[PDB]
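For reference, the structure discussed in these notes is given below.
Only the coordinates and a few stated rules stand behind these numbers; no lab work does. We place every Cβ from the backbone using ideal geometry, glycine too, and count neighbours over all the protein chains shown.
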Amino acid sequence: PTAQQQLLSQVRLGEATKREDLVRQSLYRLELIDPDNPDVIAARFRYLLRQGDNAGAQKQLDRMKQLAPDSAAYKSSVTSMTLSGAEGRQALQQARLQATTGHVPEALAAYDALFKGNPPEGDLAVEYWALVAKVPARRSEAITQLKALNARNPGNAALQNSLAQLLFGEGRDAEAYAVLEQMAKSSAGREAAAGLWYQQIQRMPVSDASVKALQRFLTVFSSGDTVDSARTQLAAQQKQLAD
């Protein structure tokens, strides 16, 4: 990976862990390396917003507006700026209200009204693109956005889970297998990754390819309890060949 990418990723880590040391450091080197990068400008934009300096924030916003007006970074920053205070804040409060009470189409409608297709960075983007993924039509572009969030903020069990199941739901098994292996190198979700990689084996008829799929599952997962059942039924499956 580049150094900019590592610095920006450290910015996101610092943002996530409420440590503005890291944010400060990474920003400090970033604005010397690539001062006009909309991702860097957006990073400072968010920082200035956290410190309640809406003036400096706004200046950075304008800088982005004259530098990259149709970048995801700019419009996402615009959204965070809308939610920075007052009306937008409560719009969100209402969207999440209908989101939690189970008014899903209403909730999606409100979120569409606020984020207008570019949610503010962080977990809200995950929530939004997951909610949007619930719509059959919009599902595929939303899947694309989710894959992006997976590449930008790695290590999210829940996101990887939803992404894997979505990709299965659209017959994109290779990619879903990939997300399952990514969920397999990290401890948080192995049982889940195994669980999904073992409800795809149940849906294929006992066959040679069934067997090879199950043994491949056996090279990806070592232990667990789906693994034990995988071995048991693997033996049974390959014994069932030749009567």
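Connecting C-alpha atoms closer than 10 Å in a GNM of the chain, tell me which of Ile33, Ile143, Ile41 has the biggest fluctuation.
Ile33
So if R0 is 30 Å, what FRET efficiency would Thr232 and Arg172 give, r being the distance between their Cβ atoms, rounded to the nearest 0.05?
Values: r = 29 Å, r/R0 = 0.98.
Working from the Cβ atoms, E equals 0.55.
Please report the Cα spread of segment 3-82 along all three principal axes, rounded to whole Å, starting with the longest.
Result for segment 3-82: principal-axis Cα extents of 27, 25, 18 Å.
Dipole of the chain, Cα-centred, from +1 at each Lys and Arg C-beta and -1 at each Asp and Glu C-beta, to the nearest 20 debye?
160 debye
For a quick check, take a GNM of the chain with Cα springs below 10 Å and name the residue from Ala157, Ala194, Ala174 with the largest mean-square fluctuation.
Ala174
What does the charge add up to near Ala16, with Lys and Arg as +1, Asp and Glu as -1, over the other residues with Cβ less than 13 Å from its Cβ?
+2
About its Cα centre, what dipole magnitude does segment 102-233 give when the only charges are +1 on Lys and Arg Cβ and -1 on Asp and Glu Cβ, stated in debye to the nearest 20?
Here the size comes out at about 260 debye.
What number results when the radius of gyration of the chain, computed over Cα atoms, is divided by 2.2 N^0.38 Å?
Relative to the 2.2 N^0.38 Å estimate, the chain comes out at 1.24.
If you take the beta carbon distance between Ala242 and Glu181 as r and set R0 to 25 Å, what does 1/(1 + (r/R0)^6) give as a FRET efficiency, to the nearest 0.05?
After rounding, the FRET efficiency stands at 0.20.
Just tell me which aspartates and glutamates come within less than 20 Å, Cα to Cα, of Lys185; anything on the same chain fewer than 8 places away is out.
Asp173, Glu175, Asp225, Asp228
What area, in nm² and to one decimal, does the C-alpha convex hull of segment 141-243 cast on average over all directions?
Mean orientational projected area (segment 141-243, Cα hull): 6.3 nm².
Please state the charge dipole magnitude for segment 3-82, taken about the Cα centre, from unit charges on C-beta atoms (+1 on K and R, -1 on D and E), reported in debye and rounded to the nearest 20.
Charge dipole of segment 3-82: 200 debye, to the nearest 20.
Students often forget the sequence filter, so: which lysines lie under 18 Å Cα-Cα from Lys239 once same-chain residues fewer than 8 apart are removed?
Qualifying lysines at Cα under 18 Å: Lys212.
Just tell me which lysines come within less than 20 Å, Cα to Cα, of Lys59; anything on the same chain fewer than 8 places away is out.
The reachable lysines, counting only those whose Cα sits under 20 Å from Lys59, are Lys75.
Multiply the residue gap between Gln90 and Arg139 by 0.36 nm, knock off their C-alpha separation, and tell me the result in nm, one decimal place. Kindly include the intermediate steps, with their values, before the conclusion.
On the way: separation 49, 0.36 × 49 = 17.64 nm, distance 2.72 nm.
Taking 0.36 nm per residue and subtracting the Cα distance, the gain is 14.9 nm.
Based only on Cα atoms, what Rg/Rh ratio does segment 106-194 have, Rh being taken as Kirkwood's radius?
In segment 106-194, Rg relative to Rh is 0.98.
Taking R0 as 22 Å, what FRET efficiency do you get between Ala55 and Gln6 from their Cβ-Cβ distance, rounded to the nearest 0.05? Before the final figure, lay out the partial values.
Values: r = 30 Å, r/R0 = 1.38.
For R0 = 22 Å, the calculated efficiency reads 0.15.
If I stretch the segment between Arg29 and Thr100 completely, what's the gain in nm (0.36 nm per residue apart, minus their alpha carbon distance), one decimal?
Additional length available on full extension: 21.5 nm.
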